[PDB]
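J.: structure-v1.pdb (PDB, C-alpha atoms) pasted underneath:
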```
ATOM      1  CA  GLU F 150      84.561 -20.445-237.754
ATOM      2  CA  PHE F 151      83.538 -21.689-241.212
ATOM      3  CA  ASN F 175      84.532 -12.308-235.920
ATOM      4  CA  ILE F 176      81.426 -12.761-238.086
ATOM      5  CA  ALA F 177      81.193 -12.004-241.806
ATOM      6  CA  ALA F 178      78.513 -14.383-243.097
ATOM      7  CA  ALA F 179      77.186 -15.872-239.847
ATOM      8  CA  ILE F 180      75.091 -12.934-238.575
ATOM      9  CA  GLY F 181      74.031 -11.478-241.915
ATOM     10  CA  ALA F 182      70.946 -11.995-244.043
ATOM     11  CA  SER F 183      72.487 -11.902-247.528
ATOM     12  CA  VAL F 184      73.983 -15.415-247.221
ATOM     13  CA  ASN F 185      72.035 -18.645-246.666
ATOM     14  CA  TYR F 186      73.702 -20.593-243.853
ATOM     15  CA  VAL F 187      72.317 -23.611-241.998
ATOM     16  CA  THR F 188      73.926 -24.920-238.811
ATOM     17  CA  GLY F 189      73.160 -28.189-237.067
ATOM     18  CA  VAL F 190      74.247 -30.556-234.292
ATOM     19  CA  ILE F 191      74.422 -34.310-234.893
ATOM     20  CA  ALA F 192      75.570 -37.400-233.015
ATOM     21  CA  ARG F 193      78.068 -38.656-235.607
ATOM     22  CA  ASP F 194      78.790 -38.850-239.323
ATOM     23  CA  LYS F 195      76.863 -42.129-239.614
ATOM     24  CA  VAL F 196      73.660 -40.366-238.564
ATOM     25  CA  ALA F 197      74.575 -37.457-240.850
ATOM     26  CA  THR F 198      74.902 -39.834-243.811
ATOM     27  CA  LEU F 199      71.222 -40.767-243.532
ATOM     28  CA  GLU F 200      70.349 -37.069-243.300
ATOM     29  CA  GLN F 201      72.419 -36.419-246.427
ATOM     30  CA  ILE F 202      70.727 -39.350-248.176
ATOM     31  CA  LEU F 203      67.289 -38.093-247.133
ATOM     32  CA  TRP F 204      68.168 -34.527-248.133
ATOM     33  CA  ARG F 205      69.534 -35.762-251.463
ATOM     34  CA  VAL F 206      66.495 -37.995-252.026
ATOM     35  CA  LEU F 207      63.981 -35.295-251.038
ATOM     36  CA  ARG F 208      65.790 -32.209-252.365
ATOM     37  CA  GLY F 209      68.219 -33.378-255.073
ATOM     38  CA  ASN F 210      71.780 -32.084-255.330
ATOM     39  CA  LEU F 211      70.975 -28.651-253.894
ATOM     40  CA  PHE F 212      72.868 -28.845-250.597
ATOM     41  CA  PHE F 213      76.332 -29.306-249.104
ATOM     42  CA  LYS F 214      77.438 -32.409-247.182
ATOM     43  CA  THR F 215      80.051 -31.530-244.554
ATOM     44  CA  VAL F 216      80.993 -33.017-241.187
ATOM     45  CA  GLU F 217      83.198 -31.624-238.417
ATOM     46  CA  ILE F 218      84.431 -33.449-235.321
ATOM     47  CA  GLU F 219      83.397 -31.906-232.001
ATOM     48  CA  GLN F 220      83.919 -32.623-228.301
ATOM     49  CA  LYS F 233      80.207 -36.281-228.393
ATOM     50  CA  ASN F 234      78.760 -34.106-231.164
ATOM     51  CA  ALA F 235      79.166 -33.508-234.905
ATOM     52  CA  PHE F 236      79.437 -30.109-236.593
ATOM     53  CA  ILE F 237      77.313 -29.937-239.749
ATOM     54  CA  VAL F 238      76.913 -27.049-242.190
ATOM     55  CA  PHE F 239      74.541 -26.696-245.147
ATOM     56  CA  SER F 240      74.472 -24.164-247.979
ATOM     57  CA  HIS F 241      71.462 -23.092-250.033
ATOM     58  CA  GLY F 242      69.677 -20.061-251.408
ATOM     59  CA  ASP F 243      68.469 -17.109-249.378
ATOM     60  CA  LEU F 244      64.839 -17.626-250.456
ATOM     61  CA  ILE F 245      64.748 -21.366-249.659
ATOM     62  CA  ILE F 246      65.262 -20.971-245.909
ATOM     63  CA  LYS F 247      61.647 -21.971-245.235
ATOM     64  CA  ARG F 248      61.920 -25.223-247.203
TER
ATOM     65  CA  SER K   2      87.841 -28.169-249.602
ATOM     66  CA  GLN K   3      85.461 -27.945-246.647
ATOM     67  CA  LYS K   4      86.125 -24.282-245.799
ATOM     68  CA  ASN K   5      87.292 -23.171-249.264
ATOM     69  CA  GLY K   6      84.068 -23.628-251.232
ATOM     70  CA  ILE K   7      81.956 -21.698-248.724
ATOM     71  CA  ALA K   8      83.491 -18.329-249.639
ATOM     72  CA  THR K   9      82.572 -18.628-253.329
ATOM     73  CA  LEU K  10      78.898 -19.210-252.530
ATOM     74  CA  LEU K  11      79.106 -16.615-249.746
ATOM     75  CA  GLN K  12      80.290 -13.899-252.137
ATOM     76  CA  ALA K  13      77.831 -15.040-254.819
ATOM     77  CA  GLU K  14      74.950 -14.817-252.341
ATOM     78  CA  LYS K  15      75.996 -11.276-251.396
ATOM     79  CA  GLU K  16      76.290 -10.260-255.055
ATOM     80  CA  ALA K  17      72.945 -11.905-255.854
ATOM     81  CA  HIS K  18      71.370 -10.083-252.907
ATOM     82  CA  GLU K  19      72.983  -6.813-254.017
ATOM     83  CA  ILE K  20      71.604  -7.243-257.547
ATOM     84  CA  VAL K  21      68.105  -7.748-256.131
ATOM     85  CA  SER K  22      68.640  -4.722-253.885
ATOM     86  CA  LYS K  23      69.657  -2.637-256.908
ATOM     87  CA  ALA K  24      66.659  -3.914-258.891
ATOM     88  CA  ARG K  25      64.370  -3.079-255.962
ATOM     89  CA  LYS K  26      65.990   0.365-255.743
ATOM     90  CA  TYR K  27      65.409   1.011-259.455
ATOM     91  CA  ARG K  28      61.862  -0.335-259.128
ATOM     92  CA  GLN K  29      61.346   2.027-256.188
ATOM     93  CA  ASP K  30      62.760   4.948-258.188
ATOM     94  CA  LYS K  31      60.576   4.106-261.200
ATOM     95  CA  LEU K  32      57.429   5.311-259.410
ATOM     96  CA  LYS K  33      58.940   8.696-258.515
ATOM     97  CA  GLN K  34      60.286   8.961-262.065
ATOM     98  CA  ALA K  35      56.800   8.119-263.355
ATOM     99  CA  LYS K  36      55.142  10.776-261.187
ATOM    100  CA  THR K  37      57.831  13.364-261.969
ATOM    101  CA  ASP K  38      57.407  12.500-265.654
ATOM    102  CA  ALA K  39      53.614  12.613-265.180
ATOM    103  CA  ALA K  40      53.125  16.021-263.527
ATOM    104  CA  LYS K  41      54.386  17.829-266.650
ATOM    105  CA  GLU K  42      51.290  16.868-268.656
ATOM    106  CA  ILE K  43      49.033  18.205-265.890
ATOM    107  CA  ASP K  44      51.070  21.424-265.831
ATOM    108  CA  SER K  45      51.021  21.776-269.637
ATOM    109  CA  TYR K  46      47.279  21.051-269.716
ATOM    110  CA  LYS K  47      46.618  23.516-266.882
ATOM    111  CA  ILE K  48      48.629  26.170-268.733
ATOM    112  CA  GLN K  49      46.707  25.488-271.956
ATOM    113  CA  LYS K  50      43.409  25.657-270.063
ATOM    114  CA  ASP K  51      44.482  28.904-268.377
ATOM    115  CA  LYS K  52      45.476  30.307-271.774
ATOM    116  CA  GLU K  53      42.157  29.148-273.256
ATOM    117  CA  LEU K  54      40.272  30.806-270.379
ATOM    118  CA  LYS K  55      42.337  34.011-270.438
ATOM    119  CA  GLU K  56      41.822  34.304-274.206
ATOM    120  CA  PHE K  57      38.035  34.185-273.814
TER
END
```
Please express the file's structure as structure tokens.
T.:
Amino acid sequence: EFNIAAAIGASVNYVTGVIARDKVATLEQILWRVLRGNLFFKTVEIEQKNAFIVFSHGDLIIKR
Amino acid sequence: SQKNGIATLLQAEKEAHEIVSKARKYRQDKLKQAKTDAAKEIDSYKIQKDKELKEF
């Protein structure tokens, strides 16, 4: 949601992920900010429990 | 601004990928332009050698 325009392509760097809650995602954002700087996006979406997370980065940094 | 900032990086990633695709296309065309610009010296040298052999 966030058809498909940039979710099945290869020209845009998208990173999906499932999490338990936003409290567990805060430690992942603190670890990603402490180990990768301010080169990511911190978002949280409520699910049915689960948590919808989405990260944004470069197309050549998918391995890291 | 959760779903609004994703489109600006999504279009910038497609433009940045298209610029690298255009640079790779020009880099791929540079070899054929180098060979097409390189065969003319072999043709002009072969014509000068054929003229130098036909004169003798």
J.: Provide the atom CA of residue 193 of chain F to atom CA of residue 207 of chain F distance in Å, to one decimal place.
T.: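 Pair atom CA of residue 193 of chain F / atom CA of residue 207 of chain F returns 21.2 Å.
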J.: Mind listing as a PDB file with C-alpha atoms, in the frame of the given file which residues of chain K are within 6 Å of chain F, counting only C-alpha atoms?
T.:
```pdb
ATOM      1  CA  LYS K   4      86.125 -24.282-245.799  1.00  0.00           C
ATOM      2  CA  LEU K  11      79.106 -16.615-249.746  1.00  0.00           C
ATOM      3  CA  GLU K  14      74.950 -14.817-252.341  1.00  0.00           C
ATOM      4  CA  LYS K  15      75.996 -11.276-251.396  1.00  0.00           C
ATOM      5  CA  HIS K  18      71.370 -10.083-252.907  1.00  0.00           C
TER       6      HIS K  18
END
```
J.: What's the separation between atom CA of residue 219 of chain F and atom CA of residue 3 of chain K, in Å to one decimal place?
T.: 15.3 Å
J.: To one decimal place in Å, what is the distance between atom CA of residue 212 of chain F and atom CA of residue 247 of chain F?
T.: 14.2 Å
J.: Let me have the centre and edge lengths of the axis-aligned box enclosing all listed atoms of segment 211-240 of chain F with 8 Å padding on every side, in Å to one decimal, as JSON.
T.:
```
{"center_x": 77.7, "center_y": -30.2, "center_z": -241.1, "size_x": 29.5, "size_y": 28.1, "size_z": 41.6}
```
J.: Excluding residue 197 of chain F and residues on its chain fewer than 2 positions from it, collect all residues at most 10 Å away from it, counting only C-alpha atoms, and give them as an mmCIF file with C-alpha atoms, in the coordinates of the input.
T.:
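Result written to part02.cif:
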```
data_model
loop_
_atom_site.group_PDB
_atom_site.id
_atom_site.type_symbol
_atom_site.label_atom_id
_atom_site.label_comp_id
_atom_site.auth_asym_id
_atom_site.auth_seq_id
_atom_site.Cartn_x
_atom_site.Cartn_y
_atom_site.Cartn_z
ATOM 1 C CA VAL F 190 74.247 -30.556 -234.292
ATOM 2 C CA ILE F 191 74.422 -34.310 -234.893
ATOM 3 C CA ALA F 192 75.570 -37.400 -233.015
ATOM 4 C CA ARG F 193 78.068 -38.656 -235.607
ATOM 5 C CA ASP F 194 78.790 -38.850 -239.323
ATOM 6 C CA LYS F 195 76.863 -42.129 -239.614
ATOM 7 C CA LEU F 199 71.222 -40.767 -243.532
ATOM 8 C CA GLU F 200 70.349 -37.069 -243.300
ATOM 9 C CA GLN F 201 72.419 -36.419 -246.427
ATOM 10 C CA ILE F 202 70.727 -39.350 -248.176
ATOM 11 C CA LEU F 203 67.289 -38.093 -247.133
ATOM 12 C CA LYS F 214 77.438 -32.409 -247.182
ATOM 13 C CA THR F 215 80.051 -31.530 -244.554
ATOM 14 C CA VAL F 216 80.993 -33.017 -241.187
ATOM 15 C CA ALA F 235 79.166 -33.508 -234.905
ATOM 16 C CA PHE F 236 79.437 -30.109 -236.593
ATOM 17 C CA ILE F 237 77.313 -29.937 -239.749
#
```
J.: Between F:180, F:204, F:175, F:233, which one has atoms that come closest to residue 248 of chain F, using all atoms listed in the file?
T.: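 Looking only at the distances to residue 248 of chain F, the closest residue turns out to be F:204.
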J.: N, CA and C atoms are what I want for segment 188-236 of chain F; can you complete it accordingly and write them as a PDB file, keeping the file's coordinate frame?
T.:
```pdb
ATOM      1  N   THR F 188      73.140 -24.184-239.788  1.00  0.00           N
ATOM      2  CA  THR F 188      73.926 -24.920-238.811  1.00  0.00           C
ATOM      3  C   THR F 188      73.122 -26.100-238.280  1.00  0.00           C
ATOM      4  N   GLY F 189      73.817 -27.022-237.619  1.00  0.00           N
ATOM      5  CA  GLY F 189      73.160 -28.189-237.067  1.00  0.00           C
ATOM      6  C   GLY F 189      74.066 -29.069-236.232  1.00  0.00           C
ATOM      7  N   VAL F 190      73.521 -29.635-235.159  1.00  0.00           N
ATOM      8  CA  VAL F 190      74.247 -30.556-234.292  1.00  0.00           C
ATOM      9  C   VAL F 190      73.782 -31.972-234.598  1.00  0.00           C
ATOM     10  N   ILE F 191      74.722 -32.916-234.589  1.00  0.00           N
ATOM     11  CA  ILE F 191      74.422 -34.310-234.893  1.00  0.00           C
ATOM     12  C   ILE F 191      75.250 -35.193-233.970  1.00  0.00           C
ATOM     13  N   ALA F 192      74.856 -36.465-233.879  1.00  0.00           N
ATOM     14  CA  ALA F 192      75.570 -37.400-233.015  1.00  0.00           C
ATOM     15  C   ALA F 192      76.888 -37.838-233.641  1.00  0.00           C
ATOM     16  N   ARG F 193      76.866 -38.202-234.921  1.00  0.00           N
ATOM     17  CA  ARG F 193      78.068 -38.656-235.607  1.00  0.00           C
ATOM     18  C   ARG F 193      77.850 -38.530-237.108  1.00  0.00           C
ATOM     19  N   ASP F 194      78.874 -38.925-237.868  1.00  0.00           N
ATOM     20  CA  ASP F 194      78.790 -38.850-239.323  1.00  0.00           C
ATOM     21  C   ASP F 194      77.912 -39.955-239.897  1.00  0.00           C
ATOM     22  N   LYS F 195      77.728 -41.048-239.151  1.00  0.00           N
ATOM     23  CA  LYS F 195      76.863 -42.129-239.614  1.00  0.00           C
ATOM     24  C   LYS F 195      75.399 -41.706-239.591  1.00  0.00           C
ATOM     25  N   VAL F 196      75.013 -40.912-238.589  1.00  0.00           N
ATOM     26  CA  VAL F 196      73.660 -40.366-238.564  1.00  0.00           C
ATOM     27  C   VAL F 196      73.522 -39.223-239.560  1.00  0.00           C
ATOM     28  N   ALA F 197      74.625 -38.538-239.871  1.00  0.00           N
ATOM     29  CA  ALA F 197      74.575 -37.457-240.850  1.00  0.00           C
ATOM     30  C   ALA F 197      74.537 -37.990-242.275  1.00  0.00           C
ATOM     31  N   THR F 198      74.964 -39.239-242.480  1.00  0.00           N
ATOM     32  CA  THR F 198      74.902 -39.834-243.811  1.00  0.00           C
ATOM     33  C   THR F 198      73.464 -40.144-244.211  1.00  0.00           C
ATOM     34  N   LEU F 199      72.633 -40.538-243.243  1.00  0.00           N
ATOM     35  CA  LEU F 199      71.222 -40.767-243.532  1.00  0.00           C
ATOM     36  C   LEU F 199      70.481 -39.452-243.734  1.00  0.00           C
ATOM     37  N   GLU F 200      70.939 -38.384-243.075  1.00  0.00           N
ATOM     38  CA  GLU F 200      70.349 -37.069-243.300  1.00  0.00           C
ATOM     39  C   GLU F 200      70.771 -36.506-244.651  1.00  0.00           C
ATOM     40  N   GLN F 201      71.983 -36.842-245.101  1.00  0.00           N
ATOM     41  CA  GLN F 201      72.419 -36.419-246.427  1.00  0.00           C
ATOM     42  C   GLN F 201      71.746 -37.248-247.514  1.00  0.00           C
ATOM     43  N   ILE F 202      71.427 -38.508-247.212  1.00  0.00           N
ATOM     44  CA  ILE F 202      70.727 -39.350-248.176  1.00  0.00           C
ATOM     45  C   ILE F 202      69.257 -38.956-248.259  1.00  0.00           C
ATOM     46  N   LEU F 203      68.677 -38.544-247.130  1.00  0.00           N
ATOM     47  CA  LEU F 203      67.289 -38.093-247.133  1.00  0.00           C
ATOM     48  C   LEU F 203      67.168 -36.704-247.747  1.00  0.00           C
ATOM     49  N   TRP F 204      68.177 -35.856-247.531  1.00  0.00           N
ATOM     50  CA  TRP F 204      68.168 -34.527-248.133  1.00  0.00           C
ATOM     51  C   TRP F 204      68.470 -34.597-249.624  1.00  0.00           C
ATOM     52  N   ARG F 205      69.269 -35.582-250.040  1.00  0.00           N
ATOM     53  CA  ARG F 205      69.534 -35.762-251.463  1.00  0.00           C
ATOM     54  C   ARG F 205      68.386 -36.480-252.160  1.00  0.00           C
ATOM     55  N   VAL F 206      67.620 -37.287-251.423  1.00  0.00           N
ATOM     56  CA  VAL F 206      66.495 -37.995-252.026  1.00  0.00           C
ATOM     57  C   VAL F 206      65.246 -37.125-252.044  1.00  0.00           C
ATOM     58  N   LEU F 207      65.138 -36.173-251.116  1.00  0.00           N
ATOM     59  CA  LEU F 207      63.981 -35.295-251.038  1.00  0.00           C
ATOM     60  C   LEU F 207      64.241 -33.888-251.553  1.00  0.00           C
ATOM     61  N   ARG F 208      65.491 -33.539-251.852  1.00  0.00           N
ATOM     62  CA  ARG F 208      65.790 -32.209-252.365  1.00  0.00           C
ATOM     63  C   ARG F 208      66.796 -32.192-253.505  1.00  0.00           C
ATOM     64  N   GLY F 209      67.249 -33.341-253.999  1.00  0.00           N
ATOM     65  CA  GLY F 209      68.219 -33.378-255.073  1.00  0.00           C
ATOM     66  C   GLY F 209      69.609 -32.962-254.612  1.00  0.00           C
ATOM     67  N   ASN F 210      70.416 -32.545-255.589  1.00  0.00           N
ATOM     68  CA  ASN F 210      71.780 -32.084-255.330  1.00  0.00           C
ATOM     69  C   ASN F 210      71.816 -30.560-255.185  1.00  0.00           C
ATOM     70  N   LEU F 211      71.082 -30.074-254.187  1.00  0.00           N
ATOM     71  CA  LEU F 211      70.975 -28.651-253.894  1.00  0.00           C
ATOM     72  C   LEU F 211      71.374 -28.348-252.455  1.00  0.00           C
ATOM     73  N   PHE F 212      72.396 -29.043-251.959  1.00  0.00           N
ATOM     74  CA  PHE F 212      72.868 -28.845-250.597  1.00  0.00           C
ATOM     75  C   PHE F 212      74.334 -29.244-250.518  1.00  0.00           C
ATOM     76  N   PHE F 213      74.934 -28.984-249.358  1.00  0.00           N
ATOM     77  CA  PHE F 213      76.332 -29.306-249.104  1.00  0.00           C
ATOM     78  C   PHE F 213      76.400 -30.335-247.986  1.00  0.00           C
ATOM     79  N   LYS F 214      77.265 -31.333-248.154  1.00  0.00           N
ATOM     80  CA  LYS F 214      77.438 -32.409-247.182  1.00  0.00           C
ATOM     81  C   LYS F 214      78.806 -32.246-246.532  1.00  0.00           C
ATOM     82  N   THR F 215      78.821 -31.732-245.304  1.00  0.00           N
ATOM     83  CA  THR F 215      80.051 -31.530-244.554  1.00  0.00           C
ATOM     84  C   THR F 215      79.875 -32.067-243.140  1.00  0.00           C
ATOM     85  N   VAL F 216      80.991 -32.471-242.540  1.00  0.00           N
ATOM     86  CA  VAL F 216      80.993 -33.017-241.187  1.00  0.00           C
ATOM     87  C   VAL F 216      82.253 -32.544-240.478  1.00  0.00           C
ATOM     88  N   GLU F 217      82.092 -32.102-239.232  1.00  0.00           N
ATOM     89  CA  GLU F 217      83.198 -31.624-238.417  1.00  0.00           C
ATOM     90  C   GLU F 217      83.160 -32.319-237.064  1.00  0.00           C
ATOM     91  N   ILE F 218      84.325 -32.769-236.607  1.00  0.00           N
ATOM     92  CA  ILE F 218      84.431 -33.449-235.321  1.00  0.00           C
ATOM     93  C   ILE F 218      84.349 -32.426-234.195  1.00  0.00           C
ATOM     94  N   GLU F 219      83.587 -32.763-233.162  1.00  0.00           N
ATOM     95  CA  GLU F 219      83.397 -31.906-232.001  1.00  0.00           C
ATOM     96  C   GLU F 219      83.803 -32.658-230.733  1.00  0.00           C
ATOM     97  N   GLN F 220      83.583 -32.022-229.588  1.00  0.00           N
ATOM     98  CA  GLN F 220      83.919 -32.623-228.301  1.00  0.00           C
ATOM     99  C   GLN F 220      82.854 -33.626-227.871  1.00  0.00           C
ATOM    100  N   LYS F 233      79.625 -36.705-227.124  1.00  0.00           N
ATOM    101  CA  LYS F 233      80.207 -36.281-228.393  1.00  0.00           C
ATOM    102  C   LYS F 233      79.165 -35.594-229.269  1.00  0.00           C
ATOM    103  N   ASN F 234      79.635 -34.824-230.247  1.00  0.00           N
ATOM    104  CA  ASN F 234      78.760 -34.106-231.164  1.00  0.00           C
ATOM    105  C   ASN F 234      79.424 -34.074-232.537  1.00  0.00           C
ATOM    106  N   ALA F 235      78.677 -33.609-233.535  1.00  0.00           N
ATOM    107  CA  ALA F 235      79.166 -33.508-234.905  1.00  0.00           C
ATOM    108  C   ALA F 235      78.738 -32.167-235.477  1.00  0.00           C
ATOM    109  N   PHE F 236      79.698 -31.424-236.021  1.00  0.00           N
ATOM    110  CA  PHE F 236      79.437 -30.109-236.593  1.00  0.00           C
ATOM    111  C   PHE F 236      79.041 -30.270-238.056  1.00  0.00           C
TER     112      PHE F 236
END
```
